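Participant: Please see the structure below; I have some questions.
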């Protein structure tokens, strides 16, 4: 099977970029034996990367030529990224909460990307000791993944490992932020927790949720701002509460299933958009969590932690994180998620590049909403049913075309073919 490479072209203008695409396609059509793997490296390392940039991520001629023809003709394509190389400022890795996972994610990337494979095997080691089960086996098991005690640790391993893959192409965070469950991964990636200790927290906390909360609640995201959602919760006091504030158009609420379904009727009547968080069978960030507190502090005990090597913006406080002790990890389950606040604090400190480290983008539209009016690059990593190295490289290309430093040449091969 051919391997995907990022094939880069650029111009001083959009019409210059389009003409360069057409010229490359013509060159390839004059040379029938010439593949993307022959030309990709010199296009990156031997050509200026100008103001208007595109990348076609392609493993074979035909798919490269399809991308290039689309680019030349001003059309979008499924493995074509293009943009203005105009973004400057610091880089944030965002780790999302539960609801982005899709069954089968990470298996293909384990086969295709040795840095990701490695991280995933380091995770499997730590999770084997703790949870018994074998990470790679569980990745493809839809029945196991519905269980919160399996899903949360698998999700943690996947996003830690995607972060390692980003680092291998030279995209390292200046700051991190993790929404609810993602805060543990963010803390690890920030250097505040070992892999082992982070994993212990996710494993012990997720097993306790599964025992005490699973089946007794649900969580719902509403396309609306928190002022509006709070108005609509009149009469739902103590039954459905605000659990997260993600942006001006994304607020999540939490409660017992019946009560949430009553609230959905309020929203429906009013033509408001909403959806249940998939795979979430508990009322996170609600008073239901009070009863877990004692067993959680006991199971966690003393946390082995250290000062983060880069800033970790907590979604407990919306501010740089203090002690990451057991009480912190309880509050990361109990208290409303201040995601919008955390992202806003980063925007106000010159962060302009946001990489959601996830199987599928769930918080990117909120980051885009919050960032306005600043010039920013906001990308995800994988998408539902697109778990290949090709999709990862397309995400890396989406940064490159906005002028963010990324080492696409790491995956560009060993080509020496020119012009």
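Participant: Those residues that are out of contact with any helix residue (DSSP H, G or I) (no Cβ under 7 Å at 6 or more places or on another chain) and touching a residue at least 60 places away in the same chain (Cβ under 8 Å), I need them from the range 367-388; list them, please. Quick ask: steps written out before the conclusion?
Facilitator: Keep residues of the range 367-388 that are out of contact with any helix residue (DSSP H, G or I) (no Cβ under 7 Å at 6 or more places or on another chain), which gives 368-369, 372-373, 375-376, 384-386.
Those that are out of contact with any helix residue (DSSP H, G or I) (no Cβ under 7 Å at 6 or more places or on another chain) and touching a residue at least 60 places away in the same chain (Cβ under 8 Å): 369, 375, 376, 384, 385.
Participant: Output the number of residues of the range 137-150 satisfying the condition of being surrounded by 14 or more Cβ atoms within 10 Å (Cβ to Cβ) and assigned to a helix (DSSP H, G or I).
Facilitator: Residues of the range 137-150 surrounded by 14 or more Cβ atoms within 10 Å (Cβ to Cβ): 138-139, 141, 144-150.
Subsequent filtering for residues that are assigned to a helix (DSSP H, G or I) retains 138, 144-145, 148-150.
Result for the range 137-150: 6.
Participant: Sticking with this one: Which count do you get for residues in the range 334-345 that are touching a helix residue (DSSP H, G or I) at 6+ places or on another chain (Cβ under 8 Å) and buried (at least 22 other Cβ atoms within 10 Å of the Cβ)? Can you show your working first?
Facilitator: So in the range 334-345, the residues touching a helix residue (DSSP H, G or I) at 6+ places or on another chain (Cβ under 8 Å) come out as 334, 339-340, 343-344.
Now restrict to residues that are buried (at least 22 other Cβ atoms within 10 Å of the Cβ): 339-340, 343.
Counting residues in the range 334-345 that are touching a helix residue (DSSP H, G or I) at 6+ places or on another chain (Cβ under 8 Å) and buried (at least 22 other Cβ atoms within 10 Å of the Cβ) gives 3.
Participant: Being under 11 Å from the mean Cα position of the chain (by Cα), closer than 17 Å to residue 163 by Cβ and assigned to a helix (DSSP H, G or I) narrows it down to one of 358, 395, so name that one.
Facilitator: Checking each option against the conditions leaves just 395.
Participant: Separate question: Which residues, counting only those in the range 106-117, are assigned to a loop (DSSP other than H, G, I, E, B) and within 14 Å of residue 160 (Cα to Cα)?
Facilitator: So the first thing to find is which residues in the range 106-117 are assigned to a loop (DSSP other than H, G, I, E, B), and the list is 106, 113.
Within the range 106-117, just 106 meets the criteria.
Participant: Output yes when any residue across the range 275-295 is buried (at least 19 other Cβ atoms within 10 Å of the Cβ), touching a helix residue (DSSP H, G or I) at 6+ places or on another chain (Cβ under 8 Å) and more than 18 Å from residue 219 (Cβ to Cβ), and no when none is.
Facilitator: No, the range 275-295 contains no residue that is buried (at least 19 other Cβ atoms within 10 Å of the Cβ), touching a helix residue (DSSP H, G or I) at 6+ places or on another chain (Cβ under 8 Å) and more than 18 Å from residue 219 (Cβ to Cβ).
Participant: May I ask you to verify whether residue 193 is in the same structural domain as residue 122 (by TED's automatic domain parsing) and not in a loop (DSSP other than H, G, I, E, B)?
Facilitator: Working: in the same structural domain as residue 122 (by TED's automatic domain parsing): yes; not in a loop (DSSP other than H, G, I, E, B): no.
Spelling it out, it is not the case that residue 193 is in the same structural domain as residue 122 (by TED's automatic domain parsing) and not in a loop (DSSP other than H, G, I, E, B).
Participant: Right, something else. Among the residues of the range 54-71, which ones are more than 17 Å from residue 391 (Cα to Cα) and either surrounded by 21 or more Cβ atoms within 10 Å (Cβ to Cβ) or without any contact (Cβ under 8 Å) to a residue 12 or more places away in the chain (or both)? Before the answer, list the steps.
Facilitator: As a first pass, look at the range 54-71 and keep what is more than 17 Å from residue 391 (Cα to Cα): 61-62, 65, 68-71.
Once the filter is applied, which keeps residues that are more than 17 Å from residue 391 (Cα to Cα) and either surrounded by 21 or more Cβ atoms within 10 Å (Cβ to Cβ) or without any contact (Cβ under 8 Å) to a residue 12 or more places away in the chain (or both), the range 54-71 yields 62, 68, 70, 71.
Participant: I'd like to know if the range 71-81 contains one or more residues that are assigned to a helix (DSSP H, G or I) and either in contact with a helix residue (DSSP H, G or I) (Cβ under 7 Å, 6 or more places away or on another chain) or more than 27 Å from residue 359 (Cα to Cα) (or both).
Facilitator: Yes: one or more hits.
Participant: Mind counting the residues in the range 14-53 that are surrounded by fewer than 19 Cβ atoms within 10 Å (Cβ to Cβ), touching a helix residue (DSSP H, G or I) at 6+ places or on another chain (Cβ under 6 Å) and not in a helix (DSSP H, G or I)?
Facilitator: So the answer is 1.
Participant: Does residue 260 fit the bill of being outside the structural domain of residue 315 (by TED's automatic domain parsing), without any contact (Cβ under 8 Å) to a residue 60 or more places away in the chain and in contact with a strand residue (DSSP E or B) (Cβ under 8 Å, 6 or more places away or on another chain)? Break it down stepwise before answering.
Facilitator: Working: outside the structural domain of residue 315 (by TED's automatic domain parsing): yes; without any contact (Cβ under 8 Å) to a residue 60 or more places away in the chain: yes; in contact with a strand residue (DSSP E or B) (Cβ under 8 Å, 6 or more places away or on another chain): yes.
Yes.
Participant: Looking only at residues that are part of a helix (DSSP H, G or I) and in contact with a strand residue (DSSP E or B) (Cβ under 6 Å, 6 or more places away or on another chain) in the range 263-274, which one is surrounded by the fewest Cβ atoms within 10 Å (Cβ to Cβ)? Write out each step before concluding.
Facilitator: Restricting attention to the range 263-274, the residues satisfying the condition of being part of a helix (DSSP H, G or I) are 263-269.
Adding the requirement that they be in contact with a strand residue (DSSP E or B) (Cβ under 6 Å, 6 or more places away or on another chain) leaves 263, 267.
Numbers: 263: 22, 267: 18.
Per the stated criteria, the residue is 267.
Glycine also receives a Cβ, built like all others from the backbone with ideal geometry; neighbour counts cover every protein chain displayed. The values are calculated or read from the model by the stated rules, or taken from the named source; no laboratory instrument gave them.
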